[PDB]
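Q: Curious how this folds, go ahead:
(chains A, B, C, D, E, F, G, H, I, J, K, L, M, N, O, P, Q, R, S, T and U, ligands or ions: 1)
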Amino acid sequence: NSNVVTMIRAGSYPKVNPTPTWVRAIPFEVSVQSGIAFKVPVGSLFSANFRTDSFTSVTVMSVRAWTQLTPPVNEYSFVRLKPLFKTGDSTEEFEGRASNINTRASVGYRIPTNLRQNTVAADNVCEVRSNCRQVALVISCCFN
Amino acid sequence: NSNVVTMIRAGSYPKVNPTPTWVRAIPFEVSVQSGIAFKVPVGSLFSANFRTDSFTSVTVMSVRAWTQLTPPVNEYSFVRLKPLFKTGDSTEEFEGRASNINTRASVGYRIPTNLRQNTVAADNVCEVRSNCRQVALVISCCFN
Amino acid sequence: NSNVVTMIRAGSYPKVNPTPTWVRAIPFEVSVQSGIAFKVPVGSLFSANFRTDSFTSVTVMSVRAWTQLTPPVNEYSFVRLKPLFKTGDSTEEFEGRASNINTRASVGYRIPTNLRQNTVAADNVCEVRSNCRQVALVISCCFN
Amino acid sequence: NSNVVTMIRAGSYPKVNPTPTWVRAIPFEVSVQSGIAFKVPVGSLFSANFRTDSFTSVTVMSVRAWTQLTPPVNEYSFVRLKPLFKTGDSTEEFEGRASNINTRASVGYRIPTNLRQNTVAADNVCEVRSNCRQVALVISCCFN
Amino acid sequence: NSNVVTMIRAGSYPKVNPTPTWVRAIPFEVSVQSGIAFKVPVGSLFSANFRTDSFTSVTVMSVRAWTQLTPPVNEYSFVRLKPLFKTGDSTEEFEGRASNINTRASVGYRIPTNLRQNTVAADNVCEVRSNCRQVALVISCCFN
Amino acid sequence: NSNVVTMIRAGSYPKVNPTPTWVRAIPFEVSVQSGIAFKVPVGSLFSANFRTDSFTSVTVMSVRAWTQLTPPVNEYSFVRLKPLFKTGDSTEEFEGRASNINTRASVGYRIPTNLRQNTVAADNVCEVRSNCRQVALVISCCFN
Amino acid sequence: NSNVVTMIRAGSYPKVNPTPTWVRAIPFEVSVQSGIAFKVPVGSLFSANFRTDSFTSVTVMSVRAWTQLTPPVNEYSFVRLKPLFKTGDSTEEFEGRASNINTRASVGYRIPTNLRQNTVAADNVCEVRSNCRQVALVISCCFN
RNA sequence: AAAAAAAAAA
RNA sequence: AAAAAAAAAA
RNA sequence: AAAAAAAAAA
RNA sequence: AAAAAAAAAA
RNA sequence: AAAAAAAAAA
RNA sequence: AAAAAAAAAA
RNA sequence: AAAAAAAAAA
RNA sequence: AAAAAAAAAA
RNA sequence: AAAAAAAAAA
RNA sequence: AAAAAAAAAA
RNA sequence: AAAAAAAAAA
RNA sequence: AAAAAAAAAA
RNA sequence: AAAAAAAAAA
RNA sequence: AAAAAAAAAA
Ligand SMILES: [Mg+2]
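A: Numbers count the residues shown, from 1 in each chain, chains lettered A, B, ... in the order given. Below is the structure in question.
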């Protein structure tokens, strides 16, 4: 291959965009109480910690959740997700349970194309229920 | 295709990275004086205006330059690029000229693999000369 | 085939969901006045009569309508449907007419993928007009 | 694909059913005492928690069971299932044991076609034995 | 081919619609001031000048823009487009620049299927920025 | 498919037309006396009710007619169409009759290419005769 | 194709005929009394209402008949045709009956080649019988 | 499956 | 015969 | 797709 | 042999 | 079926 | 390469 | 894709 | 059409 | 050449 | 997919 | 990749 | 191996 | 030779 | 015979 700088024969000025979209997998944790649902706010996805603080909207594609701390004594971990939407909340309760007490439970759901509109910081993604005090989420989304 | 949320059968917690790399084409302008070379600082690529203020290093891959304002009366636009590098500056003067007084002049150079190390805000990309008072740059780079 | 119970060699505890989605064709009637349009509420679709009282949202896919009573003397039955949407109402008036006075008139419309968002009880599906005093609807939808 | 509503050329009024059947996998737990068998009532499957409170009969196809709490000290989890039938109870004791003390034990059984009649709330599905204080069941059935 | 009127053997009365949908490319102009973004209202698309005054909703599919007057002295024309959405505004700034001072600058963007819902007169399509005092827009859209 | 807005690399300003042509099937009704021909005016086709009030000309391609009310006692419906043209009226009498007293009569005629000139609101399409007091027309035409 | 008049290189004066033959399907109605046969006169086919008043002879090829008014209460329509010929009358009674009280009855017969001689106004085609007071006839014939 | 009108593309 | 939902399986 | 009547053509 | 108009057919 | 002049096209 | 108009030809 | 100048190689 | 980054899949 | 909307057809 | 035990069949 | 339930379709 | 976003190429 | 129940296997 | 740098070309 080349070992020196070489000339590019550029032409006209291209179409440009200083502030493009970005397809991402955002990891973050939320704290949960026993037997009480926690609504996950979209605003959690806008943070300098993720290089995403310059965005104001995001299109969520899929949501996956793991338990992040150990469960109560005698119990296996579990986590439930209930999808939420601005045009109408769901009542599905997708649930995963561990089969080894020392292991995370996990579950996720995919959002269909007809429901992939933008959300803003004030919106919510889903409700989380778990017998563990922390749940780790990984959300796949397109920032725009 | 599906019209409702569906279950994902997630497994172990994956490898994650909250602060990933980003391949970009960054557009910005600089002011140049007649007969005086202008050193383009790498720090210009780190700005909230480009969603890149969270990075501190970047690997520049190629530089393209267009004249941005009209040339002096009776002349055609021209722009020159001289590559700069921390381990040793170049003396090439890649030059483009307009063939129509009303049109931009353009030129670019590609940086070879063996010279694609990181730069930081205090470093310089290249020297620009032009008979126009502004030059528009589009730099292809990998933020990391 | 087997005539007795046989063992299943079950494995880890699976992903579960106690409240799944349901793809349905719901049949109900509405009362129509002459010359006056009737707005069909989405809330009609949530009812123990359909096994759907546990849902709060629904994604409507297609609407079909039939006249359910005889037309006025000398007339042939007709029915019109005007689609309604929360992001903006349509002005189409899909219309079916009977070619035999003793026969139902019918018409339907399909909602495109890009408009299949959720609707809740307070929302409306469409407007119905008819010269018959009742209209029977069958709505294809996904409860979620 | 289409971006707007389009007409459907509906025909005669179709055959309809407002209360269809539903093929389901229902997950619930039961409390078990040491040394004592627990009869699992069919009535557990009818509940608003499963969107099934509108059904009065169900045809059970297969039963699967997992231990839901940790076993006694020094022991590995186990669970046994004895199938029950209105025309005559079985004496099989399908049994699963854990090979890791921290792991659920599991077992299931399939009901043959010739024994898939309806069962109502007063009937029983099976007997459960376990050295763990709770057992999680998933039952595959057709509500009708 | 035939030179006279001939008979059609028509059948039963068909499904009809007196107010159908219309796929269109609407051309119009907006006035913009330097350094100020102009929000383009959807209501611009409803006008007798386009035969569209009888619609109240539209699904926007793509937006293209051109500069419509000459740029300031010594400058090349430019135009930026920032998409707007009811469910959440974007921060992209799609930009095109002229390479001959006597030529229009142009740029455009396409709206994805998941974001093609309806918009009414009070909604906005996008923000426009330019150094030219007028910008010509051509919007591909579906009136319904 | 794509889930976010993407750039279009627009070129030169295209050819545009804010007021285009429209191929339509227009349904309307006319009142008829027994034994008396009714001349159907072309102006019926220009109406806000059809989104056509901005057109002043139209090219009729085909005419189809149905009886719209029940026939006199003891009779079967019938309907006759006689084409009219500015350059010379026809004397054809295309006729349809019902074979069931409860059923619409219908007939149609196609206009040949050499006769597809423009007509204006003061022109006439055809003559209608029927033993029913109302006739329903569906005209296929091109508005220009 | 050509858009202007063009020359024909005509030759010798051709064979001509100002009064050609005409294959036609003539529709007309006759009045019938209960229990009485009606002889259909051939003269009914020579009329300005059919553009045939310039013919004095006709060759009848086939005869079809429909009932034209409702039958008496409780009865289904029927119609009978008995062919008549100048060289000798038939005694067949081709009959058709309705299977729905509201629909027309119909029947017809074909005249074989050996019997297709000319007929004039004073001749008869056939005898009609019917329990309906009017019968509609369509006769396929060659005017010469 | 072919065609006309409007839209969009390689 | 293809595709979407819930269930079951090699 | 075949046949009759009228028209036109290689 | 191909086409238009009227008629008839599988 | 080939060619020239004017027009129009993929 | 196909077509229209004028011309010319086997 | 072919050629010249400089460099490197099987 | 090939390659790099992020995302997603059999 | 493929697709959407309106129209027409075997 | 092959085999042993019990059952059943062309 | 095959089969059962509810939905939709050529 | 197929797809989306950003980049680059024939 | 195909199938059901129990057992054993690549 | 393949490649890099500079030049020139279809
Ligand atoms: Mg009937």
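Q: Give me the number of neighbouring residues for residue A:60.
A: Using other Cβ atoms under 10 Å in any protein chain shown, residue A:60 has 23 neighbouring residues. Where C-beta positions appear, they are placed from N, C-alpha and C, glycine not excepted.
Q: so it bridges to which residues?
A: Listed by DSSP bridges, the beta-bridge partners for residue A:60 are residue A:141.
Q: ok, now how distant is it from chain G?
A: 60 Å (Cβ to the nearest Cβ, to the nearest Å).
Q: For that residue, list the residues it contacts.
A: Contacts were defined as Cβ atoms under 8 Å, 6 or more residues apart in numbering or on different chains; by that measure residue A:60 touches A:42, A:111, A:116, A:119, A:125, A:139-141.
Q: Among the residues you listed, which one sits closest to residue D:50?
A: residue A:111 (24.0 Å; Cβ to Cβ).
Q: how about the closest one, what does it touch?
A: A:60-63, A:83, B:5.
Q: Next up, phi/psi of residue A:50, please.
A: phi -110, psi 10 (degrees, to the nearest 10).
Q: what's the neighbour count on it?
A: Other residues close to residue A:50 by other Cβ under 10 Å number 22.
Q: I'd guessed it sits against residue B:16; true?
A: No: in this structure residue A:50 lies outside contact range of residue B:16 using Cβ atoms under 8 Å: 10.8 Å.
Q: give me the residue from chain A nearest chain G.
A: At 44.5 Å from chain G, residue A:12 is the closest residue in chain A, using Cβ to the nearest Cβ.
Q: show me the contacts for that residue.
A: B:104, B:106, E:99.
Q: Just the closest of the residues you listed to chain D, please.
A: residue E:99 (34.7 Å).
Q: Show the contacting residues for that closest one.
A: A:12-13, B:66, B:103-104, E:76.
Q: quick one: is stretch A:121-140 near chain D?
A: No: figure legend: stretch A:121-140 not in contact with chain D (Cβ under 8 Å from any Cβ of the partner chain); closest approach 11.6 Å.
Q: Show me which residues of that stretch are buried.
A: By neighbour count on 16 or more other Cβ atoms under 10 Å in any protein chain shown, the buried set for stretch A:121-140 is A:123-132, A:135-140.
Q: sorry, back to before: in a strand, the residue of chain A closest to chain G, correct?
A: No: per DSSP: H, G, I helix; E, B strand; the rest coil, residue A:12 lies outside any strand segment and is coil.
Q: Backbone dihedrals for it, please?
A: Dihedral angles for residue A:12 - degrees, to the nearest 10 - are phi -80, psi 170.
Q: now the contacts of residue E:99 as CSV including distance to residue A:24?
A: Compiled in CSV, the contacts of residue E:99 are given as follows (distance: Cβ to Cβ, whole Å):
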residue, distance to residue A:24
A:12, 32
A:13, 30
B:66, 32
B:103, 40
B:104, 35
E:76, 35
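Q: Pick out the residue of chain A closest to RNA strand K.
A: residue A:114 (46.6 Å; Cβ to the nearest atom of the strand).
Q: For the closest residue to that residue other than its chain neighbours, give me its contacts.
A: Distances taken as Cβ to Cβ, 6 or more residues apart in numbering or on different chains place residue C:116 nearest to residue A:114, at 4.1 Å, with adjacent residues excluded. By Cβ under 8 Å, 6+ apart, the contact set of residue C:116 is A:114, B:3, C:59-61.
Q: and residue A:74, how far is that from RNA strand R?
A: 37 Å (Cβ to the nearest atom of the strand, to the nearest Å).
Q: err, residue A:22, not the other one
A: 34 Å.
Q: measure that residue to residue A:3 for me?
A: Distance, residue A:22 to residue A:3, using Cβ to Cβ, to the nearest Å: 34 Å.
Q: Let me see the ranges of the strands in chain A.
A: A:6-8, A:22-31, A:38-41, A:58-67, A:78-83, A:94-97, A:106-110, A:124-130, A:134-143 (DSSP state E).
Q: So for residue D:37, which of the ones you listed sits nearest?
A: strand A:94-97 (24.3 Å).
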